[PDB]
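Let me begin by presenting the structure, written as structure tokens, before commenting on it.
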Amino acid sequence: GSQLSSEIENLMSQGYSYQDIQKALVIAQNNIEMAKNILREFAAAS
Amino acid sequence: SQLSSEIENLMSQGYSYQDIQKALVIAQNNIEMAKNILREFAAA
């Protein structure tokens with residue numbers, strides 16, 4: 001695996017939807033720290 | 101004026117003042133990017 005896919009798997013463990021994670025990475029221009037900020041502050045987790 | 105108009109326009113779409121601030125902070129004041137965050141994720 002890669003670092004990015006590792007990060008995505010960790011986000012899903014937290015309950016974020018795959019679609020939210022993708023959207024967040026696109027808006028963030030793949031800056032991971034930024035995408036994490038978006039998800040934390042605005043995304044639902046189940 | 102330019103910037104306050106942006107906040108006014110976002111609030112008129114129904115975004116809270118606090119969500120707008122959060123989205124600017126995360127985007128480092130890239131207003132285009134903040135608007136994307138709000139459109140895709142924020143309650144309006």
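Quick note, the sequences are listed as chains A and B, same order. Under the numbering used here, the first residue of the first sequence carries the number 1, and numbering increases by one thereafter. Under the numbering used here, the first residue of the second sequence carries the number 101, and numbering increases by one thereafter. The C-beta atom is built at its ideal place from N, Cα and C for all residues, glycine as well.
Contacts that residue i makes with chain B (C-beta to C-beta distance below 7 Å)
{"i": "A/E41", "result": "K122, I126"}
{"i": "A/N37", "result": "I126"}
Under 7 Å from the C-beta of residue i: neighbouring residues of chain A
{"i": "B/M133", "result": "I27"}
Cβ shell of residue i (< 6 Å), same chain only, five flanking positions each side left out
{"i": "A/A24", "result": "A35, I38, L39"}
{"i": "B/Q113", "result": "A144"}
Minimum C-alpha distance to residue i - residue among the options
{"i": "B/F141", "options": "A/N31, A/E33, A/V26", "result": "A/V26"}
Close beta carbons around residue i, own chain, < 8 Å, minus the five adjacent residues each side
{"i": "A/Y18", "result": "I8, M12"}
{"i": "B/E132", "result": "none"}
{"i": "A/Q29", "result": "none"}
Own chain residues within Cβ distance below 7 Å of residue i, not counting five before or after
{"i": "A/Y16", "result": "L39, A43, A45"}
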